[PDB]
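Secondary and tertiary structure notes
The residues making up each chain are set out below.
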Amino acid sequence: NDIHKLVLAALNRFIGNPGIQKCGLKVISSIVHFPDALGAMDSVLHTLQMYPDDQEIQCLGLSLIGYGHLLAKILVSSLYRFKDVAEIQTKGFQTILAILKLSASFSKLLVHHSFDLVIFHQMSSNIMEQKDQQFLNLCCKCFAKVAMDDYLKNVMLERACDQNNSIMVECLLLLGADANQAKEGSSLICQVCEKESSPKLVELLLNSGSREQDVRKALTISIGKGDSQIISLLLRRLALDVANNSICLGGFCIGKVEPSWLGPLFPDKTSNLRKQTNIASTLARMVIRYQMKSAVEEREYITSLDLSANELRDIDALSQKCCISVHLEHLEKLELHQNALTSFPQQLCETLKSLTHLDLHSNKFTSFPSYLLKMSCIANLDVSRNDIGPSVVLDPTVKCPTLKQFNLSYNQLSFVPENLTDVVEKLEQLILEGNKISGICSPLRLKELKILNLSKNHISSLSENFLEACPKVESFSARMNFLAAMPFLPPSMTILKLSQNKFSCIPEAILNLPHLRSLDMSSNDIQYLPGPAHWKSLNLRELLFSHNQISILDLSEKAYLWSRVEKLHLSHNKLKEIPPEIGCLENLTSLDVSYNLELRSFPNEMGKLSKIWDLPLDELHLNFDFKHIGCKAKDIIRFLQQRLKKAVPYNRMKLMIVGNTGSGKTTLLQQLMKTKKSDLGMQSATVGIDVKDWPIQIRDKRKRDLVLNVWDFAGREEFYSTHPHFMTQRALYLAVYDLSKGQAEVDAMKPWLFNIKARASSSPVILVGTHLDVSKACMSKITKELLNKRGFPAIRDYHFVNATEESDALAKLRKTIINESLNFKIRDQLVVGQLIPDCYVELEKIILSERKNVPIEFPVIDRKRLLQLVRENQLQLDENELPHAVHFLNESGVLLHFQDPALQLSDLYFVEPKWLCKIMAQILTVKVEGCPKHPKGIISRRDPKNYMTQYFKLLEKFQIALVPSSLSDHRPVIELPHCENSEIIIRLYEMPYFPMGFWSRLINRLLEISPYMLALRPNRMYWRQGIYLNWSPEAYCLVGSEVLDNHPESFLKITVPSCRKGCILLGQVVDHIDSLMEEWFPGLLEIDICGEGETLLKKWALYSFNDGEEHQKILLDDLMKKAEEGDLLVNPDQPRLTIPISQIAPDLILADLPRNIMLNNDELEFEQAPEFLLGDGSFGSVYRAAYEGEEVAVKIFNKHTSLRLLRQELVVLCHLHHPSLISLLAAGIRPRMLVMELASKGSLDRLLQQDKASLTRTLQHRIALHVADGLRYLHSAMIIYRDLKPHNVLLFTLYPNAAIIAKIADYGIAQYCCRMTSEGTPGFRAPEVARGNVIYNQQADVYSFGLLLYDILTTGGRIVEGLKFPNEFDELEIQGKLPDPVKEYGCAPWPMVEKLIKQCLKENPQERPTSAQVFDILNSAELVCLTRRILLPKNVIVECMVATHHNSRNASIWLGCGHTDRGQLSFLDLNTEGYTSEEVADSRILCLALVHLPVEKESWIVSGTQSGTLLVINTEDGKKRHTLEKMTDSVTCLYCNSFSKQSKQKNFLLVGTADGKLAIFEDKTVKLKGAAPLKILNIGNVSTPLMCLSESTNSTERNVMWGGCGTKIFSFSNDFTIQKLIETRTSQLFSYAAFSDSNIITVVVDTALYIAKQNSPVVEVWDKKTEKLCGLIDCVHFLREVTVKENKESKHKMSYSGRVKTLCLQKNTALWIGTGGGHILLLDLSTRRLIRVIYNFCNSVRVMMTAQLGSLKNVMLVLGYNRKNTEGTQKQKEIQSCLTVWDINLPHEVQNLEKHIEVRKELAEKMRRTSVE
Ligand SMILES: Nc1ncnc2c1ncn2[C@@H]1O[C@H](COP(=O)(O)OP(=O)(O)OP(=O)(O)O)[C@@H](O)[C@H]1O
Ligand SMILES: Nc1nc2c(ncn2[C@@H]2O[C@H](COP(=O)(O)OP(=O)(O)O)[C@@H](O)[C@H]2O)c(=O)[nH]1
């Protein structure tokens, strides 16, 4: 057995190459076994290539391969060269199967070469029906290991769609292999429609995962070609809402519509298709089996037809008699707006006889057809942007009465349509705005006009008989016309709007309308507003009269006659004062008297108008300072009411003495106050500010004892960083010389005066000489020569007192100070004696008394102490008065309190400010003469009981920390990386003198902004007056401070590299340098028109033509360059060369922002001028236009937004980028505009207020989900939206299964966070937001979301009910008492979101779910399907139920009883939900059934009980009851079949008793007492109880009936004989016995049989023909996979409860397992086993069945239990039978919705890539 034959034989078969191999292969094959020999592979591989094509050796070679990659290259090339020659593929696939199981990666090599080319042919060469089961098993075992790698699956699928092969592509889809992965721009469907594939190949790709964007691209592709079966399949997945009967073809750019496409979109009753793709499912099952083996041991015609944006240049293609010309006749909605049609085809407009919302606007019509009106039942005919000819006369041969809303907006009309009165009788909303109507109108004999309109026409006037024949007009509104009077308006008008006309007085035809409700006459030029005794109408609510010329506001005559008025707009008028009689209009809500410039006072009466929630105060001055951080137009009412209580004059002023390093300040203050003592013989230099107070009872006729508090500020320069905090605008400043250095010190005093002009422009100053004893008195020259009136504040006197002892000059100084104080008069208001409520004075008195009762070590007071001291006294202040009270007392120098939220010490109140000011200056004077270990100025924590904490918890909040004062005045030498005059940008800030606390606060605002260029911090070396922070030679910034020679001013040089990151630096630094100047120093950037516009702040820009070595930088004032905005480049008088403005000031042009949002004005196809393109927003500011070839909405800004604010909003708006957020596209200048995405379907509120019929209980869910996603993104980005209303939800499409539906407008947060409606709209407002007491939170956005959900659910019921009653529309919901959605409004109960509402409607803020949860609770797919739960009365046990489908109008679900051992039928309606009880049997009833008789029109209802007493009772009559034959054993199942075997309609009844005896009856024989059983079929035994029944899935088998009996299922037919006796206990796969060795419980008839037994946690799947257990599907095989982490106690529940308590099978989609536990299972019976388990809604799913209710057919009822162990210790449980009603369409949603999230999650990331780059 051992010789050297092996080597000789191998080598001789090698050399013997022409024709020897036939025997050599046989020899080596024979020898490969015996010694188990081990260099032949290469040669036996070589012989194949050296001599192919010989079958007899090919088979042998394949047989010997099984005993480098080129191997594979020969293998398939062999099997492909012999595709189907013989069973040599067997040997081949054996070879592959052998090779893969030892070399896994080689599989990837096989698919590398060609393996698909042969394996697909093998699996598709009709191997099925060729009984080669062993061979196919071999191929499947091979493939299972081939498709191990998922990437191999994806590439195999890619190459399997290249060659059209439906069966294998389906098999691969069932095996995973997602179909949206190829290229994302040319992914599967794109080429599959390019390569001219089959309809079945496209349908399978669409049905599974295929991204919608790719589907749209493929639709464009398949439009390119002419295909009629692939187009109709793309539309059927892109645009069809079967639940709503719609076609949402809106956004698509279909070039032309042809009926051969929409043919199959319309429903077709004939559509019925067989099951031939079962081959693919079987192969998938085999592959899955082999994979897990390799894994484990090793009517209703659709109505809405939307064709909006498809640029249909013609629609004639549907007018013909084509395939769909019979489905169109019941359309009832047709949208053709925004196309480019013309001449609607006459044949079409009579083809469809049921159309009622035909709207086709923005088309290019040129003649109103006048044959559109011959349709049968038409309404809302809408042609509203076409170019309708000059006249639109309606032909009088049409008598169409049904028209209701005949819109004709924005045409080119020249007349009212002529023959309305003879054609459109019942017309209601005749709208004719935007036309060019010129001549006087017709008498207009319309009998039913309800809302006319004539806006923007050119009307001369109205004929006196214009409205004399329209007795129901309600809303005549002729805006923007040239109108002079009104012609006897009918007495029925309610709302009348007449703005922008030319009146001179309200025509008396308006003053007498007996029901008028609102009257808007803005922009008129009227003179006299008649008093309320001229209006004759008890119901005036709105009186809009802005922009008129009104003198008086007459209310003295009779004010209560306007007691209901709720809106009164009087802005832009010549008003003088508000009469006190305004205090009677209690129902006032929104008063507006702004922009009057001549009002100057508010009467104390207005404090009684507590309903006011807004009150603009723009451009008018009052007797008090408003808008501190409060004064929200509501606290003002509290102030005006408390001042009504008791108004006293307030005498207290501020006299801020100011000096410089030494003067008569303290020795002049201690002489003004006449302080005799000055006990310190030599007082030393001042620390801090040293507030003192001194009363002055002026001993004169004016007994006003004024108390002005002196703050003798610090002289020495060291304290100069904090002073601008103690320089308010209400003061009387002094200043002092020390005239010893006369005419030289007076120069050095210049900065001080400048700062006084910087902080308080309108504050008086008094110079005071301080020296006559020390000698130069000609100083009055220079103060009159230089110092007086050139950029320095309003000097009003000057004196020369000695200031060491009393003097006549000192007395004159006293008199001057007193007379200057009492005559202050800012805005002509006389500050010194203004009126305040006495409550403030009382609080001031008690605080002053408290100042002697405070700990010296810590003079602070806690807010608790203050709220205790208000209780100690009898103060009339609430928690809403103090927020203004303490601020006002801060203004008077009593106590400093800081309301700044960032400064987290607002809880502290610093009574005795003379200690806070003294302590804040201790650090600035403590030095360290030890070791200068750190550079001069930087320091760490180096100093009592916890006071060290608060000291620097104030000081660095005070931005003293590193002390920016006494910090290296001399600048360290710095050199920029590039200084070549052309890579840098430079901007100046020339100002006459740096203000006091400028650099200290400037270097502290630039400093802490670390995330520049977005978190990489820069290196910075910052002296007193510079920073120079740099990241690289590519990004740096030097905010220097130099003085150029021969320039006594002081500049602020900024240098930033001209790179792209540089412009970001420059913009973000100029913002922080400009916002400061207008926040603290409003005097500087105050253009003084008196004199000239110096502005004291000449922000230059430096630009140079000569790139590098320009030898000089050319100045340009920033304002004048901003005037050069009409262009984009600058150029000198020499125009050949020029500089780009985007390079010398990239902040003015919006270039610092991410460059992708640059305007690109060239591609903007936009027309601001027209108002028909204003369509977005009623007379708003957001238009509609085209850009980049797509429709987008521009937002033209008015003159309000300063460009700096626009940039401040764009910076935050530009990096949100979420699929549920309105995203920017471009923004720019010329004009100052903004472009965003066009929300096609407009705001939500419109949709839910006039189009309720589209919200469909699954769009009302997608909208809420998308809005919750928006909030969850915002709240994660740490910004609260603060105002969310159905006015701010912008829809995109009404097709439910879309990727982007709802999108909240995010411009609100920009407009909010830029300029700080922050309190939110009244109705849509959280409880903490209306009261305004508490600082706000995310829990207010959550409450706003709750209200949004409530409005969506009721579909605009609350909004409509509140627009007539707003003052309750807010206050009823301000407490969470808004009513139950179901009782007040008709709505689908939807009771899983009602709990969401009542959780988001909790008053406690942090008790409301956070936004992430309220999105993750809507993400669940079992709230979009649950429809209503009915907790039955307390402790009722019910175990049986039957529905009613014969009366499908309103149905009642008849239940049984288990709580009584004796029988009782338990009726239960659904629309009333009223349970009733009626004992009818003497023994507990077990089941019921419905036998409806087509004759006599009744539905007898039958009931089988445990006693066998088979009861029958009539539907309506509960008295005509006759029990039939008393049965022998317990009846267990009743059933009503479909057995029409007698050539007529026929039915029977089955009585399943506990023994098997089939007591069958007939449909009609139920009436006679003791019915007659036709065929008494005793089937089972006494020990084998008949326990279940079922019926066939199809009707082609003549409804073969199947019933379970004992443990053996049986069946019969019209023969009524047992056709099979299948036995289940005799199973050959015992995992356990009693799961099959028990009585049957359920049976379902389908392609297979699914069966369960008592307490069987596994279901058995038999076949009808083979009678084999083809399936064994275990329940805990699914439950114990989700109950792994969420149930840790389940580890103790190994003896698990949980089993199949009932079956219920859907038609062909899935199967619903009802567990004996508290769970339910979805089973996709075709491919994948578990779809979802929906638990935690009951505890025991007892009964389940299918039914139909009220045209909402096919619902699934689930009678489960919820036991309460309230007294479980008493061995009793509290039972609630929680009957629920799921919508049977659940198994789709749960797999549809879980796709929908994924599609957005990807979009949630891809969008955030644009934020990166
Ligand atoms: N991108 C858009 N697409 C379609 N409609 C829009 C878009 N943006 C805004 N609108 C609509 O235009 C209307 C006016 O917008 P606007 O921002 O003026 O509303 P507003 O903020 O309530 O009014 P205001 O700014 O005067 O307070 C709104 O009804 C909004 O629905
Ligand atoms: N001899 C004399 N001394 C004066 C006169 N006016 C002010 N002084 C001196 O100025 C000092 C007051 O210091 P002061 O300016 O209040 O300190 P500062 O507030 O920190 O700048 C006193 O010590 C006086 O000696 C004056 O008219 N005559």
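How each quantity is defined
- Residues numbered from 1 in each chain as written, not as in the entry; some residues may be left out.
- Chains lettered and ligands numbered in written order.
- Heavy atoms only, no water.
- Residues with missing side-chain atoms left out of burial classes, pairs and counts.
- UniProt positions renumbered as here; feature names shortened; annotations may be inferred.
- Pairing = 2+ DSSP bridges.
- Helix = DSSP H or I, 4+ residues; strand = E, 2+ residues; numbered from the N terminus.
- Near = heavy atom within 4 Å.
- Polar contact = N/O pair within 3.5 Å; in protein donor to acceptor, adjacent residues only side chain to side chain.
- Areas by Shrake-Rupley, 256 points an atom, 1.4 Å probe, with all protein chains shown as cover.
- Nonpolar A, V, L, I, M, F, W, Y, C, P; charged D, E, K, R; others polar.
- Axes fitted to C-alpha atoms, helices over the stretch in contact; angles between N-to-C directions.
- Contact = heavy atoms within 4.5 Å.
- Core = buried A, V, L, I, M, F, W, Y, C linked by side-chain atoms within 4.5 Å.
- Buried < 20%, exposed > 50% of the residue type's maximum accessible area, 1.4 Å probe, protein only.
- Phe/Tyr/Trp six-rings, centres within 6.5 Å; stacked < 30°, edge-to-face > 60°.
- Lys NZ or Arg CZ within 6 Å of the ring centre and 35° of its normal.
- Salt bridge = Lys/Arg side-chain N within 4 Å of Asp/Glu carboxyl O.
- Parallel < 35°, antiparallel > 145°, perpendicular 65-115°, else oblique.
- Left-handed = near helix turned anticlockwise from the far one by under 90°.

Method-wise, the PDB entry is recorded as coming from cryo-EM, at a reported resolution of 3.7 Å.

As recorded in the PDB, this entry has the title "Structure of the LRRK2 monomer". Word for word, the UniProt comment on the chain under Cofactor is "Mg(2+)".

The next subject is the sheet that holds strand β42 (residues 1548–1553). Across the sheet, which stays open at both edges, the three strands sit in the order β41-β42-β44 with antiparallel pairing between neighbours. Every interior strand has two partners, whereas the edge strands, β41 (1531–1536) and β44 (1561–1562), have only one.

Here the focus is the site of ligand 2. Ligand 2 sits among 14 residues. The nearest are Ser663, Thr666, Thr686, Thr770 and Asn802. In the model, an oxygen atom of ligand 2 is placed 2.8 Å from a nitrogen or oxygen of the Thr770 main chain. When the free accessible area of ligand 2 is taken as 590 Å², the share hidden by the protein chains comes to 73%. The class makeup of the residues in the shell around ligand 2 is one nonpolar, twelve polar and one charged.

What follows deals with the sheet that holds strand β53 (residues 1700–1705). Across the sheet, four strands lie side by side as β53-β54-β55-β56; this open sheet has antiparallel pairing. Two strands in the sheet have a free side with no partner beyond their single neighbour: β53 and β56 (1730–1733). Averaged over neighbouring strand pairs, the angle between their axes works out to 20° when direction is ignored. Bridge count for strand β55 (residues 1720–1723) against β56 is two bridges, and the pairing is antiparallel. By the bridge assignment for β56, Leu1721 is matched with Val1733. Relative to the sheet, helix α46 (residues 1786–1812) contacts β54 (1711–1715), β55 and β56, its axis offset from that of β56 by approximately 95°.

A few words on the nonpolar core. Ranked by internal contacts, the top residues of the largest apolar core, which has 213 residues, are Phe143, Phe476 and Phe545. Take this core: its biggest share by element is nine residues, from helix α9 (residues 133–146). If near-sequence neighbours (up to four positions away) are discounted, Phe476 is found in contact with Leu452, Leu454, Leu462, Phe466, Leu467, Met486, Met493, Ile495, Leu496 and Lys497. Formed by 81 residues, the second largest nonpolar core is a distinct cluster that contains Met727, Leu767, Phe958 and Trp1031.

Take the site of ligand 1 next. Every residue close to ligand 1 is listed here: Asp1176, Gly1177, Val1182, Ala1193, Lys1195, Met1236, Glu1237, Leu1238, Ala1239, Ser1243, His1287 and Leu1290. At 2.8 Å from a nitrogen atom of ligand 1 is found a main-chain nitrogen or oxygen belonging to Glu1237. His1287 has a polar side-chain atom sitting 3.0 Å from an oxygen atom of ligand 1. The residue inventory of the shell around ligand 1, partitioned by class, reads six nonpolar, three polar and three charged.

The subject of this paragraph is unusual backbone geometry. The amide bond that connects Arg1230 to the next residue, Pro1231, takes the cis arrangement and shows omega of -5°. A positive phi angle is found at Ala633, which is not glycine, with a value near 70°. Of the residues examined, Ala633 reaches a relative accessible area of 9% and is grouped as buried. In this model, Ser1543 sits at a positive phi of 60°, which is unusual for a non-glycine residue. Mapped onto the secondary structure, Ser1543 falls in the loop between β41 and β42.

Under the criterion given, the structure shown has 34 aromatic pairs. Look at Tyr737 and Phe800: their rings are 6.4 Å apart centre to centre, the planes differ by 70°, and that puts the pair in the edge-to-face class. For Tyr737, a relative accessible area of 1% puts it in the buried group. When its relative accessible area of 22% is taken as the criterion, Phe800 is described as partly exposed. Seen in terms of ring centroids, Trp915 and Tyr951 are 6.5 Å apart; in terms of plane orientation they differ by 55°. Their pairing is tilted. With a relative accessible area of 18%, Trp915 lands in the buried category. Of the aromatic side chains, those joined through ring pairs into one cluster are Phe624, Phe626, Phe639, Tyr650, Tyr840 and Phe888. The ring of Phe82 is capped by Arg81, whose NZ or CZ atom sits 4.8 Å from the centre of that ring.

Here the focus is the pairing of strand β24 (residues 1054–1057). In β24, alternate side chains face the same way, and those of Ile1054 and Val1056 on one face and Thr1055 and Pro1057 on the other are all buried. Here two bridges tie strand β23 (residues 1035–1039) to β24, and the two strands are oriented antiparallel to one another. Its bridge partner lying in β24, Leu1038 is registered against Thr1055.

By the definition in use, this model includes 45 salt bridges. We note a salt bridge from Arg814 to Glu806, for which the minimum N-O separation is 2.4 Å. Relative accessible area serves as the criterion here: at 15%, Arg814 is assigned to the buried category. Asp1461 is paired through a salt bridge with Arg1462; the nearest N and O atoms lie 2.7 Å apart. A residue is classified by how much of its surface remains accessible, and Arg1462, at 42% relative accessible area, is partly exposed. A network of salt bridges, in which partner residues are shared, links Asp1071, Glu1078, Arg1204 and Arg1207.

Using the residue numbers shown here, the UniProt feature "active site" corresponds to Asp1283. Relative to the helices and strands, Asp1283 is located in the loop between α36 (1259–1276) and β33 (1289–1291). Setting aside anything within four residues of it in sequence, one finds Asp1283 in contact with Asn1288, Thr1317, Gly1320, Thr1321 and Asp1341.

What follows covers the packing of helix α2 (residues 21–31) against helix α4 (residues 55–65). Two numbers describe how α2 lies on α4: the axes approach to 10 Å, and their chain directions differ by 25°. Comparing the axis directions of α2 and α4 gives the class roughly parallel. The hand of the α2/α4 crossing is left-handed. Contacts between α2 and α4 involve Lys22, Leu25, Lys26, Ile28 and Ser29 from the first element and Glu56, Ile57, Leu60 and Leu64 from the second. Here the residues of the contact of α2 with α4 sort into five nonpolar, one polar and three charged.

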